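Enquirer: Following this message is one structure expressed as structure tokens.
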Amino acid sequence: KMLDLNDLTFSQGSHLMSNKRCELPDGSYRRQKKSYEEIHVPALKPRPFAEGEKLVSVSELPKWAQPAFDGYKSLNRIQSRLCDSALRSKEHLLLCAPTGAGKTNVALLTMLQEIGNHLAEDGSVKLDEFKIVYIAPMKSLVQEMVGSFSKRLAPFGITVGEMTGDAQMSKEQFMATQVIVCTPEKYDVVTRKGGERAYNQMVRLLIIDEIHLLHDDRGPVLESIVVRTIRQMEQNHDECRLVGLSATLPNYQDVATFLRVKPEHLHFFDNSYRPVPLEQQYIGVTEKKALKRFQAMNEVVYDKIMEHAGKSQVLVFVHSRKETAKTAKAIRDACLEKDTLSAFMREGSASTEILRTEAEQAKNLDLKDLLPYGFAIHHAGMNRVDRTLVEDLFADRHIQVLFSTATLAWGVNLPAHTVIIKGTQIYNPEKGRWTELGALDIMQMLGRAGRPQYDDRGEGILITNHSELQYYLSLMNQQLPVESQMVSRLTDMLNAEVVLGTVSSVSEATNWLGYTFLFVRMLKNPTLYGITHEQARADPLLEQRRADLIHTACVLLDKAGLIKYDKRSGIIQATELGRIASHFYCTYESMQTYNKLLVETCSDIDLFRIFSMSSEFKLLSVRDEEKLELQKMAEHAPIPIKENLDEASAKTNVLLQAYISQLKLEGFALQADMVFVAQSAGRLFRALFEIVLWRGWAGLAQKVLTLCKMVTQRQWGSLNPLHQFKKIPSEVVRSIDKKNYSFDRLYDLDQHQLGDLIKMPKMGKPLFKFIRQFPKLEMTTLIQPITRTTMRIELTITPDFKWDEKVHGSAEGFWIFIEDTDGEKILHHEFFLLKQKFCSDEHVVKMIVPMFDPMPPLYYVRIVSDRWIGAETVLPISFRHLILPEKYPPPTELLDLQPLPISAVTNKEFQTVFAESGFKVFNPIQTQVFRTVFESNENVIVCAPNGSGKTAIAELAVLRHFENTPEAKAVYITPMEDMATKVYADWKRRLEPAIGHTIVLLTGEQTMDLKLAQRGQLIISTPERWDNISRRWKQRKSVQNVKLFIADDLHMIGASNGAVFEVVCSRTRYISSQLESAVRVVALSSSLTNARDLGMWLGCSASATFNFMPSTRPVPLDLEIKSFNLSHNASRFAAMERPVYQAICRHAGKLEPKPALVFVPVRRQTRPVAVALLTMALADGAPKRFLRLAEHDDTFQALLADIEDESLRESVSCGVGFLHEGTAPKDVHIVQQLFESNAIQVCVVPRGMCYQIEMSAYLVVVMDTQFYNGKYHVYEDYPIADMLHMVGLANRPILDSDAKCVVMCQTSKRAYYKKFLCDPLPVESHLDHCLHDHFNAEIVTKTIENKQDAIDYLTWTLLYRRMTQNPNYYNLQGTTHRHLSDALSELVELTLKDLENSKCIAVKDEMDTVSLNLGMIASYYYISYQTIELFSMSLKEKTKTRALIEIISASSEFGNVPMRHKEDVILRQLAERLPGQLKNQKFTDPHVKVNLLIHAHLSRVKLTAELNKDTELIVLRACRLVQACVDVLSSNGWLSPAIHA
Amino acid sequence: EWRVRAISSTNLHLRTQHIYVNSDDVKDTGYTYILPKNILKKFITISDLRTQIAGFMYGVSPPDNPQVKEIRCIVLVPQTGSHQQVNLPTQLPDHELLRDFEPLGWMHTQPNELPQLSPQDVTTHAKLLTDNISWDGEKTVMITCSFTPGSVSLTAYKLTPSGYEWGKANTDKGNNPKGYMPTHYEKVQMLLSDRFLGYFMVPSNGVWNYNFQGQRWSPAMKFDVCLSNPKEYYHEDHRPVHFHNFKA
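Residue numbers (my numbering), protein chains in the order written: chain P, 7 to 1547; chain A, 7 to 254.
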């Protein structure tokens, strides 16, 4: 049922007086006077100490805990009682004590208990194992607590950091900080942002200061944090201790129940435990006439000062900065009028001399005027120096009467004997009206009453309206019940749960809502929450009441477009708008308004109008007394306002423009309103920026992004960027503005010319420094057309500015936008973060943009600073020379042919090979191609999607070839070693007995592999291994005797290593031609666009060119691409975790669970994800839901006992497997066996093992599509071929009728993957980048004796074909035979010149090529020319063993050792353990890693399984390099270095 | 009575729903001129209702038809507007791509009806022709679009030899001359293209309209182009003087 949330919302907020009566303490009395009435409450005497109750000495604390109490002799009375609960118990703690009773030291006791859990045996604190979060209600208090703990925690090395709405800690700063002091709103936003989810699990202690804020309208923020924590603790079983600090208020037992605090840890200390007994006087003004009422207040203030004049110090709080001086002078004048001023200052006192002396130094004239009389003022408008001085003078008791603002009670621990609160009404800009002062302010003000140890009792005078007297009485007499305000924020709070995904259904919402304090209050007081006694009896659990509340909110959130709510099933799904809304704390009404009003054609005026129409400002009203002032401001508004000046919306707009213009306002309330508007503007405009970015409106996005800077910089975008440097005087910049000198031209002027231009030579050098420090970025672009509809743009960014941590911080963010020709549509957007650590390195970003018909003339690449005004660069990319590639030929139609049975193969021996492989009938694709492959000897290319059984086609060629020519040799090349291992092992098992010939897998050892190729009839090899052997084909008759060459996964030619593959394939046809020996080429690949071009290059007939569509898979594939709008991958992982579990319920189904395969980017991710899935299954109450066999199955128990890894064994026991590169092959085999048998439903595998695993699943889940490349410090996208491989594993044609695929990737990559996964892939050559090594090898063999011989070989390559199809990709200017020939001639010259420069070859008569010794060495040992040149340049006559390791480690062959994230830290720890290592090594360089690993190997240091595997590869590579050095040194005639090698 | 004129700029996108070629013509002898819908639609929205603005345009021949002319780039230039005239420097825009085009366009915006041209238009074209020896008036033609209510009309014109000689002969404010006349004027064949995109060249500093910056403006005024998108009229960078009085 739909409910009215407004009627149920407590409009009174903190003023809700739920108690109908107030009971006064004994001895309280009433005094009625002529103009005012006083109600006096006597000071409560401290209760006597109980039997055995003694103060715990600091020496009684553990010695490791004593440094936190340096300077303290013993704990107080309360701290002593809580010592067991605080220091010795881990249970939740709720402390109800009077204000000022030393709660801060109690918090410190709880910290030590956790430090003791993380105290190492050497006495150090494991600072990285735990984090402590302190919630404080105000920023000023946060600053106070940080300063205090900095002194108290300094002996422990503990880092204390401030995290507030304005002070955002970076993630690196977050890591270095163990104790974070923050505001509720900041912690909520932090938890809402998701970035710190990995950090939230490390939070072991949460201290909630002044938790009684629950009675305030801000109370729901604390509820959200607590409920989130409890739900996280209960679901994840991560223990975090909750410490609630509260005032002595009713319902504390409910708060304890809400906080899950056991009664043993519920501590209530009455007002007698206040350190100074406080006598209280409540003055309720009975005057009905507001003016007489106001006048009576002034009488009271003077009277009470005179009652205390010369007796005790009085601290008078006021609400306004202006009120400080006006009231102080008026009372002083009243003191002057009655000649009572001398009572404050004794004539001739040193303090009078001090105050007069300090008055001469005081910059504030009003303070200077008041200081000689012993009066002072303190308010936020005063400078910090004068304020601190006044604080000191009162602490020294010089100031007798101090007038101050609430900030002193919140920002300075300055207690006074007497506190007077003049009036309790404060102007609330959020409500637009005058409201009563908050309880916290009163408690903080009253908290300063009575100086401990100096005053025997304190006196608190509160001046208020007679109607409100009972409320403040209820507050201080333990009678004001804490009530929930959650109704006011229930929608926003519920949205956060939906955005966090912790609530997805009304059942989950009802459960989540059952944790709120509101629910406890609704159960305890239904009549207050609009629930009748009869209704509460019919629904004792308030399930209907809650569900009606939730249903209303869901409809509102659904109507706002933040969620998708199925009213029947109750299913709730988060939208992108909800995420944005939650992240910036915007109301759903304002977002709904924005959704309605935002259009691409919005002007700057509409943006201000839409902003001013935000529902956050709905309570702002136009005051009559301010229209005239607004009238002056309206005349000064630079941006026109469309609304009438009488409308509240217009007022908001005017205020924003004035703040940006830094205009001076006269009305204090208007000035207060301006700050309120200005404070909200920063987050709201930032949210709007995300919205327009999501819709892709380029021109509008640039505008809104500029406006965000204007809010931050408080200036209009037309002003010179130099105004952003607050250290530069504005007058200097204005002199440039007055000269209209362009900013761009200032970069070319020298410091003297600049100084002379402004007529200030002294400022020329500082300005030039600031000028050269202003962020400027240079752009160069490489334009690469991929298809007729898609083009890759590779953008290299060069920083052209001097980094300054005080200006730029640790990192600066930039937005890269690719806009269309019109600048209307965002074709691409990306966030670039330049880090201080990389501020000197160039960053290359590769991106792909769609191309439209008609062809646009050009595109614009725009880089915009996120914070800096004017720091943008635009680069137009012209298409005038864009030669679009030819239209691909139409794909081969899948003929509806009758499936060929396995009996169709005439050889009975061959039928067993397929019968053993599970084939009963051939699939349609295999059937159509079978006849051409098995009956004919023609060259054939078959491009078909993964899962169609392409591997069987290679086998048919092998089986037929040895059947017809058993004596002829066959070679099968596959680019992946893991696939080669699979194919070899399986074929050795199945095919070798049926063919009767030796099958061999090459190993890479030149000498041994040659024996294998001679011994083996069928050679399985990688391209690289086969290339080394095929070089000497002229002398190797066994190579000449190769008659069948199979190239599988030919699409890998488009990968990084395809250049070797192309050369190997190219040489095979050349050899085939030279020997008059036709070598049949059988090409198997995924679906390609240019399949005919490769077929033609391979000599395949048009009839033998089969290219089926990706949709023609024998098993239909359902591909769902889910996008995550998180640029931080570690944060994105945690955002993907729960959708994966949800996908299992949605796609793999309940009741009939089907096998699901989950790919993760790294080994380190395998185990955490597996635990999370088990945790969610446990959270669902079905931890073993994924297991399908009986737990007591002897084979399962036997297989369980065979698992070596206990954590794997435990995970498998619940039906969820995980694998990684360090898992033993037996355990891998078991998991594979269990998955194929469907014993386990889920298996976790890293991307590196996709070619290693043989498992196929119904559901394939790709968790993220990025991996960290530590060489470039960038997270690199998964190769599309690897992606197709993973998707290819979604194939169970005998067990499942269909297949499901869920690809989770970044939103910016959705279109990229969506295109290339549905459409065939275009394959282009990369041979141009590796020609040198290939050129050198053929010259050494005298295959290339002149430059033309090199050109002739190139005509056999695939490159030559593709150069005609996409010239601009290869920088060709035309498609004519001349342009093709001319470009080829230049490429040959450049390659050969480079080989000549490397002294690998010598060119005689500028035409004939002669191989040099360096070329022979490189070719023989298969080493890159770059390493051989380096050795020639680096090896010296005196090079020693240590230097040899350094030189060898720097070789290009080690440039491909993988650098993992944070691996430098492990390498740093190793370097500290190895002798003689340099401390200033670049631990992120793989050459440094290899150098350290070489020394560790020689030292036999036990390395990790990852580093051990790396060490094995390194040592094998090193052997060739050492042998290569020997030949290089012998050519130079150096004996001793050769001996060292 | 200014500020509403800034406000009125909002709605310029609406007129783009009702663009019309004012196709009352028969002179198929006109080397028929083809303008593309993309840059036109932008040039509408970047305009200012109560003043003229103008630019120069550069052309390609289709390779298969020498006499059909495609307008392929607009150069916006540093300019000071007026209600019913426009101020353009003697400085000529120039760039490699413009020299690699065939160079023929100039166009201006009309607030209202245009039962006949302005002499400022003709004298501009005549002066332009007098400077642009490359141009040739028989090749080069002049174009007007009008802010008809809720709509735009497109119409295009040529200057006859008697047209050029009049402008050559004339040097006047010329409100009601003789020779400001149909033998001196000509109407010529022109067309709108949805079939392809064009693009804008703009000044090197972007700021094309001056008006209150007319103190900065000069008829001499050296400038260059850059290949950037056009900033709209009431963009902040055009209007900064309104922000500089209210500094304190």
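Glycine is no exception: its CB is placed at the ideal position from the N, C-alpha and C atoms.
If I measure Cβ to Cβ from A126 of chain P and keep anything under 7 Å in the same chain, skipping five residues before and after, which residues do I get?
Expert: Contacts found: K132.
Enquirer: Name the chain P residues whose beta carbon is nearer than 7 Å to that of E242 of chain A?
Expert: Under the 7 Å cutoff, chain P gives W722, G723 and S724.
Enquirer: Using the beta-carbon of each residue, which ones in chain P are nearer than 8 Å to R201 of chain A?
Expert: What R201 of chain A touches in chain P: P860.
Enquirer: For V1088 of chain P, I'd like the list of residues in its chain whose CB is within less than 6 Å of its CB, leaving aside the five on either flank, ordered along the chain.
Expert: If we look at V1088 of chain P and ignore the five residues flanking it on each side, its Cβ neighbours are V946, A963 and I1052.
Enquirer: Give me, in chain order, the residues of the same chain whose beta-carbon lies closer than 7 Å to that of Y239 of chain A; leave out the 5 immediate sequence neighbours on both sides.
Expert: If we look at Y239 of chain A and ignore the five residues flanking it on each side, its Cβ neighbours are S15, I52, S53, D54 and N215.
Enquirer: Might you give, ordered along the chain, the residues of its own chain that have their beta carbon closer than 7 Å to the beta carbon of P767 of chain P, omitting 5 neighbours on each side?
Expert: The answer, listed in chain order, is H758 and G761.
Enquirer: Mind checking whether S1044 of chain P and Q1023 of chain P have CB atoms under 7 Å apart?
Expert: Contact flag unset, no.
Enquirer: Quick check on DSSP: helix, strand or coil for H1134 of chain P?
Expert: In the structure shown, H1134 of chain P sits in coil (DSSP, three-state: anything other than H, G, I, E or B).
Enquirer: If you measure between the beta carbons of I569 of chain P and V504 of chain P, is that distance less than 7 Å?
Expert: Yes, the pair counts as a contact, with Cβ atoms nearer than the cut-off.
Enquirer: Closer than 9 Å by beta-carbon distance: list the chain P residues that pair up with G204 of chain A, in chain order.
Expert: Chain P residues near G204 of chain A: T827 and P863.
Enquirer: Of all Cβ atoms in chain A, is any one closer than 7 Å to the Cβ of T538 of chain P?
Expert: Chain A contact via Cβ: absent.
Enquirer: Are any of the Cβ atoms in chain P nearer than 7 Å to that of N235 of chain A?
Expert: Answer yes: the Cβ-Cβ gap between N235 of chain A and chain P drops below 7 Å somewhere.
Enquirer: Can you look up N471 of chain P in the DSSP assignment and give me helix, strand or coil?
Expert: Strand.
Enquirer: Provide the residue span of the alpha helix (DSSP H) that contains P767 of chain P, from first to last.
Expert: Looking at the DSSP string, the run of the alpha helix (DSSP H) that includes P767 of chain P is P767 to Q779.
Enquirer: Find the residues of chain P that neighbour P246 of chain A, judging by a C-beta separation of less than 7 Å, and give them in chain order.
Expert: Residues of chain P passing the Cβ test: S724.
Enquirer: Within the same chain, show all residues whose beta-carbon is closer than 7 Å to that of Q1247 of chain P, passing over the 5 residues directly before and after it, in chain order.
Expert: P1159, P1161, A1162, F1192, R1194 and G1221, listed in sequence order.
Enquirer: Assess contact between the region 931-943 of chain P and the region 982-1001 of chain P, defined as three or more Cβ pairs (one per stretch) separated by less than 8 Å. Is contact present?
Expert: Flag = no, the region 931-943 of chain P and the region 982-1001 of chain P do not touch.
Enquirer: Does the Cβ-Cβ distance between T607 of chain P and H19 of chain A come in under 7 Å?
Expert: Yes, Cβ-Cβ distance for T607 of chain P and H19 of chain A is below 7 Å.
Enquirer: Rounding to the nearest angstrom, what Cα-Cα distance links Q550 of chain P and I1236 of chain P in this structure?
Expert: Approximately 50 Å, taken between the alpha carbons.
Enquirer: Note down, in chain order, each residue of its chain lying with its Cβ closer than 8 Å to the Cβ of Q1238 of chain P, except the 5 sequence neighbours on either side.
Expert: Within the same chain, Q1238 of chain P has close Cβ partners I1259, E1260 and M1261.
Enquirer: Tell me which residues of the region 46-61 of chain A have at least one Cβ-Cβ distance to chain P shorter than 9 Å, keeping chain order.
Expert: Of all residues in the region 46-61 of chain A, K47, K48 and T51 have a Cβ within less than 9 Å of some Cβ in chain P.
Enquirer: State buried or exposed for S17 of chain P, treating a residue as buried only when at least 16 other CB atoms are found within 10 Å of its CB.
Expert: Exposed: under 16 other Cβ atoms inside 10 Å.
Enquirer: Helix, strand or coil for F617 of chain P per DSSP?
Expert: If DSSP states are grouped into helix, strand and coil, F617 of chain P belongs with the helices.
Enquirer: Among P:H967, P:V1146 and P:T1363, which one has its Cα closest to the Cα of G1101 of chain P?
Expert: The shortest Cα separation from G1101 of chain P among P:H967, P:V1146 and P:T1363 belongs to P:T1363.
Enquirer: In the DSSP assignment, find the unbroken beta strand (DSSP E) run with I1429 of chain P in it and report its ends.
Expert: Premise fails: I1429 of chain P is in no beta strand (DSSP E) and is neither H nor E.
Enquirer: Among P:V418, P:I448 and P:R439, which has the Cα closest to the Cα of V425 of chain P?
Expert: For the residues P:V418, P:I448 and P:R439, the minimum Cα distance to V425 of chain P belongs to P:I448.
Enquirer: Relative to chain A, which residues along the region 627-655 of chain P have a C-beta separation below 7 Å, given in chain order?
Expert: Within the region 627-655 of chain P, the qualifying residues are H642, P644, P646 and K648.
Enquirer: Is the shortest distance between the beta-carbon of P882 of chain P and the beta-carbons of chain A less than 7 Å?
Expert: It does; some Cβ of chain A falls within 7 Å.
Enquirer: Keeping to the same chain, check which residues put their C-beta closer than 7 Å to that of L529 of chain P; ignore five residues upstream and five downstream.
Expert: So the list reads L548, once near-sequence residues are dropped.
Enquirer: Classify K295 of chain P as helix, strand or coil using the three-state DSSP reduction.
Expert: Coil, per DSSP.
Enquirer: With H, G and I counted as helix, E and B as strand and the rest as coil, what does DSSP make of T177 of chain A?
Expert: Three-state result, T177 of chain A: coil.
Enquirer: So, does the CB of residue 1 of chain A fall closer than 7 Å to a CB anywhere in chain P?
Expert: In this structure chain A extends from 7 to 254, so residue 1 of chain A is not present and cannot be described.
Enquirer: I want to verify the contact list: residues of chain A whose CB lies under 7 Å from the CB of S1243 of chain P, in sequence order.
Expert: Chain A residues near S1243 of chain P: none, gap ~60 Å exceeds 7 Å.
Enquirer: Could you check the C-alpha separation between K1515 of chain P and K1495 of chain P for me, to the nearest Å?
Expert: So the alpha carbons of these two residues sit roughly 13 Å apart.
Enquirer: Take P1285 of chain P and list the residues in its own chain whose beta-carbon comes closer than 7 Å to its own, dropping the five residues that flank it on each side.
Expert: Excluding residues within five positions, the ones whose Cβ falls inside 7 Å are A1061.
Enquirer: Using a beta-carbon distance cut-off of less than 7 Å, what residues from the region 865-880 of chain P approach chain A?
Expert: From the region 865-880 of chain P, only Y866 and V880 have a Cβ closer than 7 Å to chain A.
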